[PDB]
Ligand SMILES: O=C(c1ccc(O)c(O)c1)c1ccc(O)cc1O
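Take a look at this single chain, the form deposited without the ligand, given in structure tokens.
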């Protein structure tokens, strides 16, 4: 299992110790408060009122937690994933990333605290 902080201003993402392998079942729980620029902060589902202006993940709101697994595209995490299996041919290191527009992370603030574990399979 892995526990750690994902900074909202970390454009490259937070690498975890989790390597997702074929057949794995995982659970993620994310908590905390972060911002993509405004003084207000949002939880790991992000800001439901904000337009997508080129987010790294178009399937989650700006300010949401997302992830990549190896060479995958971004996959929404939001508050977490319960006993979750990846799509076919998706495998590798899990990197967690705050959802913002590339090149616009410098004014971000806050962080999410995230647990990831492998479940029975």
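Numbering follows the first chain given and starts at 1.
Just so it is clear, the following notes concern the form solved in complex with the ligand, a form of the same protein that is not shown.
- Remark: residue 43 does not count among the residues lining the ligand in the bound PDB entry, judged by a heavy atom distance of 4.5 Å or less.
- With a 4.5 Å cutoff on heavy atoms, residue 29 does not count as touching the ligand in the bound PDB entry; it lies far away.
- In the bound PDB entry, the ligand stays beyond 4.5 Å of every heavy atom belonging to residue 33.
- In the bound PDB entry, none of the heavy atoms of residue 92 sits within 4.5 Å of a heavy atom of the ligand.
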